[PDB]
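> The data below comprise the sequence and an experimental structure of the protein.
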Protein chains: 2
Amino acid sequence: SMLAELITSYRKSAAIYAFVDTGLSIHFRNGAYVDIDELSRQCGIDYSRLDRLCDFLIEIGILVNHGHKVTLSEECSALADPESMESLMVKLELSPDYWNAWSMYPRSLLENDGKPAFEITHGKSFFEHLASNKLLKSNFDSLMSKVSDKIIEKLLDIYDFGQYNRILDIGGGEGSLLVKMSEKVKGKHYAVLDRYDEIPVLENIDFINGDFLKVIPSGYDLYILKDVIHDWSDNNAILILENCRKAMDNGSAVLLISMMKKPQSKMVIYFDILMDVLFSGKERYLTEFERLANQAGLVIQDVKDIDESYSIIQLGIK
Amino acid sequence: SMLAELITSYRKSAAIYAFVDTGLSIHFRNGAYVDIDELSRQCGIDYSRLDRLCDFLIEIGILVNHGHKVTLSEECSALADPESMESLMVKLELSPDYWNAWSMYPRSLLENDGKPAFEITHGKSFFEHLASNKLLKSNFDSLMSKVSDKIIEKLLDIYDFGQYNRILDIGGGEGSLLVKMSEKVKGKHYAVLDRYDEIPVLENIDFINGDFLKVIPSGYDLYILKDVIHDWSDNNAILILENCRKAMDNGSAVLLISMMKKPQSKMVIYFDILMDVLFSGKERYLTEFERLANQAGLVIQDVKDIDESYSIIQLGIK
Ligand SMILES: Nc1ncnc2c1ncn2[C@@H]1O[C@H](CSCC[C@H](N)C(=O)O)[C@@H](O)[C@H]1O
Ligand SMILES: Nc1ncnc2c1ncn2[C@@H]1O[C@H](CSCC[C@H](N)C(=O)O)[C@@H](O)[C@H]1O
Ligand SMILES: [Cl-]
Ligand SMILES: [Cl-]
Ligand code: NA
Ligand code: NA
């Protein structure tokens, strides 16, 4: 039935995580035909249990049966590529620390404490936990870097970054966006503000240890907020934008690089629930960004689409 | 992409868990048109968070939008009933003790000590964990009872239990199968063997505190094993069937009431992986049931399909 298939959906995601996390996926590179017997011996997995997992992966369309051999479906080739967006998503969002948060989503909904499912599960915030977990931070950084790679060319095409001399990436993390921007836009002062244990050093990028909820440094022409605002409640988002305005002088701009909810959104609605589970965050309509900005003596000057999900929103002082 | 949609499938299951477990689904019974702001009050969930959940439930086809009101799709009407088989499956299968066990599935595959993901997660077997919490024992019981209520009509339509005078349900738990059977098949000696803290009292059904891995009592005409064999390794399944054979007089029968693996039997392939995660159990082909029976000193006498998933296998002395 439709309902039965929806209820048991999670088993498909868990099986794909096992396929990658156990190292099975490595053996399926370049459309290779794989003997399950030899695969069991290579990976140190019980033959019968591996054969049953392969039968499940065949049923859901990940693998294709070829008698005594199996192959990765050409539609799913990305699972054999560790640097593919899909492989990076599997290694991050299906990891135990993420997975286990979802079973506390109902409790979080009834609590009305503001505490997200992830915090109920782990007893600390997502970024507090990420700072304490080397492997999760590595998987997170790898995905962030891949997203930077995916959008950078379209971003440089639709927005003139050349007009700004001093650019601060607010919550820029490992700074992959400005790294890829500095490859094509030259002779600029690039800075990244985030929370660092050890301040990363990188030629052409100044890294600043700070807190954007308290203060943002003045003297920058462009302030960038990529995938930051959607982590926060309305009041905390307004606080960040108020702190941007306080840092800004006449002529300066804020550029939000954000998913945007739209009437015809499907992927964004799907992603919005993950933001609730991890952050008590949310994806916002343009009209919601309008109000947030207004409250911070800022105003939307322009909006452009990168793709189906991501838009850029230029703010100026109100 | 097909692959990205499979990776993020788990969010559908988690949203359904929130829909049922928070008590939201109640307000959608009998095809009711629901106002989300009004629903926000009756269930005490933040309007914005609830509206975002409902948007997600609309996207995946659980809810249908009717202007400024939402209904539960006819195909998913079972979710509005908190004691439906589907609602009880949702509240057990997607609850933390079971959901979080899937995080240890990869580790379980690489360890090869026969310990299921669930045991690695909780430091004890599924039935030990159930024994350690009276509430968790009881929730599983509500589900098993609804599954028995689901198939008893079809069982009674195709199999004559009237031909047997003394019937023992091996691992029959709270005895719901024999209670329902006793309404239609009267004048029988009914008995249930399981591991009890307090032996159930229910009219003149003989509830026996025992261990089917050690001994099965003699003097029954029919020995029933419903949804027992799939909980066990080949070795433990043979042990159970051998303990039946050791107790069986001439003319006595064993009736297996079990899911059976068949080509692209979706529900059974899906359940096979769940049985690995919970029990280091498995779903089996008819040929596999025949080998287990032959090793135990039993022969298959009759095979009948109850529905697309469930079959009955009658066994006699070899
Ligand atoms: N109070 C705070 N002050 C500064 N940075 C913060 C912060 N709270 C969270 N952050 C940072 O905000 C970022 C959110 S994730 C976005 C990272 C980056 N802009 C990208 O798009 O890839 C993280 O790097 C996190 O460390
Ligand atoms: N060693 C053992 N001896 C007896 N019963 C056992 C057992 N190990 C597990 N069981 C029982 O086996 C049952 C498996 S679940 C199936 C229950 C019932 N036949 C039904 O179809 O609804 C549980 O009731 C569990 O308590
Ligand atoms: Cl071999
Ligand atoms: Cl006989
Ligand atoms: Na791999
Ligand atoms: Na029973």
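That came through fine. Numbering: from 1, shown residues only, chains lettered A, B, ... in the order given. Ligands and ions are numbered 1, 2, ... in the order given.

> Please see if the helix ranked longest in chain A touches ligand 5.
Among the segments of chain A that qualify as a helix by DSSP state H, the longest is helix A:134-158. No: in terms of CB under 5 Å from the ion, no part of helix A:134-158 sits within range of ligand 5; the closest distance is 12.8 Å. All C-beta spots, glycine's among them, are computed from the backbone N, C-alpha and C.

> Of all the residues in that helix, which ones are buried?
Neighbour counts over helix A:134-158 (16 or more other CB atoms under 10 Å in any protein chain shown) mark A:136-137, A:139-140, A:142-148, A:151-152, A:155-156 as buried.

> how many neighbours does the residue of the stretch 1-150 of chain A found nearest ligand 5 have?
Ranked by CB to the ion, the top residue of the stretch 1-150 of chain A for proximity to ligand 5 is residue A:25, at 3.5 Å. The local packing count at residue A:25 equals 22, with neighbours defined by other CB atoms under 10 Å in any protein chain shown.

> give me every residue that touches it.
For residue A:25, the contact set (CB atoms under 8 Å, 6 or more residues apart in numbering or on different chains) comprises A:19, A:72, A:79-80, A:87.

> same thing with residue A:219?
Applying CB under 8 Å, 6+ apart as the definition, the contact partners of residue A:219 turn out to be A:166, A:249.

> Also residue A:13?
Residue A:13 makes contact with A:94, B:6-10 under the criterion CB under 8 Å, 6+ apart.

> can you do 6 Å?
The neighbours of residue A:13, taking CB atoms under 6 Å, 6 or more residues apart in numbering or on different chains as the test, are A:94, B:9-10.

> Phi and psi next, for it.
phi -60, psi -50 (degrees, to the nearest 10).

> Skipping adjacent residues, who's closest to it in space?
Of all residues not flanking residue A:13 in the chain, residue B:10 sits nearest, at 3.7 Å (CB to CB, 6 or more residues apart in numbering or on different chains).

> chain center to the longest helix of chain A: distance?
Between the mean C-alpha point of helix A:134-158 and the mean C-alpha point of its chain there is a distance of 8 Å (CA atoms, centre = their mean, to the nearest Å).

> That helix - contacts with which helices or strands?
Secondary structure elements in contact with helix A:134-158, counted by 3 or more CB pairs under 6 Å, 6 or more residues apart in numbering or on different chains; DSSP states H and E, are helix A:85-93, helix A:126-132, helix A:176-184.

> TSV for those helices, including distance to ligand 5 and mean neighbour count?
Compiled in TSV, the helices and strands packed on helix A:134-158 are given as follows (distance: least, CB to the ion, whole Å; neighbours: other CB atoms under 10 Å in any protein chain shown):
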stretch	distance to ligand 5	mean neighbour count
helix A:85-93	8	21
helix A:126-132	22	16
helix A:176-184	23	19
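
> Select, out of those, the one closest to ligand 2.
Smallest distance to ligand 2 across these (CB to the nearest ligand atom): 32.8 Å, for helix A:85-93.

> and that closest one, is it in reach of ligand 1?
No: taking CB under 6 Å from any ligand atom as the criterion, helix A:85-93 and ligand 1 are apart, separated by no less than 12.2 Å.

> got it, and stretch A:277-287?
No: Stretch A:277-287 stays out of contact with ligand 1 when judged by CB under 6 Å from any ligand atom, the minimum separation being 9.1 Å.

> Show me what counts as buried in that stretch.
So, applying 16+ other CB under 10 Å, buried residues of stretch A:277-287: A:277-284.

> can you give me how far it is from the chain middle?
Worked out by CA atoms, centre = their mean, stretch A:277-287 lies 13 Å from the chain centre.

> And the contacts of it?
Taking contacts as CB under 6 Å, 6+ apart, the residues outside stretch A:277-287 that touch it are A:101-102, A:105, A:114, A:116-118, A:126, A:230-231, A:259, A:261, A:268, A:272, A:275.

> Just among those residues, which is most surrounded?
Per-residue neighbour counts (other CB under 10 Å) across the contacts of stretch A:277-287 peak at residue A:102, which has 28 neighbours.
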